[PDB]
Each structure stands twice: as C-alpha cells, then as structure tokens.
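Notes follow once the structure below has been shown.
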Ligand SMILES: [Zn+2]
Ligand SMILES: [Zn+2]
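Residue numbers (the entry's author numbering): 1 to 82.
Right, dumping it as structure tokens:
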C-alpha cells in the first residue's frame, strides 16, 4: 500500500532478557548459551521439554536447537554397516 504514516513510540531495552519468553534475567537465573540468555525454567528439551541442566544436554548441529542426551538427533548418512 501507499500512505504517509510514520511515528511510533516503543522500546526494547538492554540485551539481558530471556529468548523463550523475553523477560528480565537474573545473575543466577540467566543461562549463557552461545551468547544468548535463557531462564532456568524456559531452557528445556524440544521433545520432552525437560529442564536441560548445564551438563546434561547438547545442541544438535543440523537443525540448530537444544535437545536432551536422550532425544538429541544425529546427522543422517549412509550407514554402510555390515
Ligand atoms: Zn523465558
Ligand atoms: Zn528430550
């Protein structure tokens, strides 16, 4: 369309807010993951949404998400297994 409308008032704030929801993060609640911060609660599996503790999870390369060590997929390639 074609119209002359430009003049909104909004803001975001510092880059210290969870990614899942987008709320304020604490110093003992924020999860430094690849630069991005997440809530201890939000941060969970993508198949079982289970609290992914710092040491019991992995971020699959393929897609690029975070899954548990029980659901985490693995690149598919010729098995050529005997
Ligand atoms: Zn969150
Ligand atoms: Zn899982």
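From the three backbone atoms N, C-alpha and C, an ideal C-beta is built for every residue, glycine too.
With H, G and I counted as helix, E and B as strand and the rest as coil, what does DSSP make of residue 26?
coil
For residue 48, three-class secondary structure by DSSP
coil
Please determine whether the Cβ atom of residue 60 lies at a distance below 7 Å from any heavy atom of ligand 1.
no
When the distance is taken between beta carbons, is residue 24 closer than 8 Å to residue 17?
yes
So which residues put a beta carbon under 6 Å from any heavy atom of ligand 2, going in chain order?
45, 47, 48, 50, 67, 68, 70, 71
For residue 68, write down the residues that DSSP places opposite it in a beta bridge.
57
Check whether the Cβ of residue 39 sits closer than 7 Å to any heavy atom of ligand 1, and report yes or no.
yes
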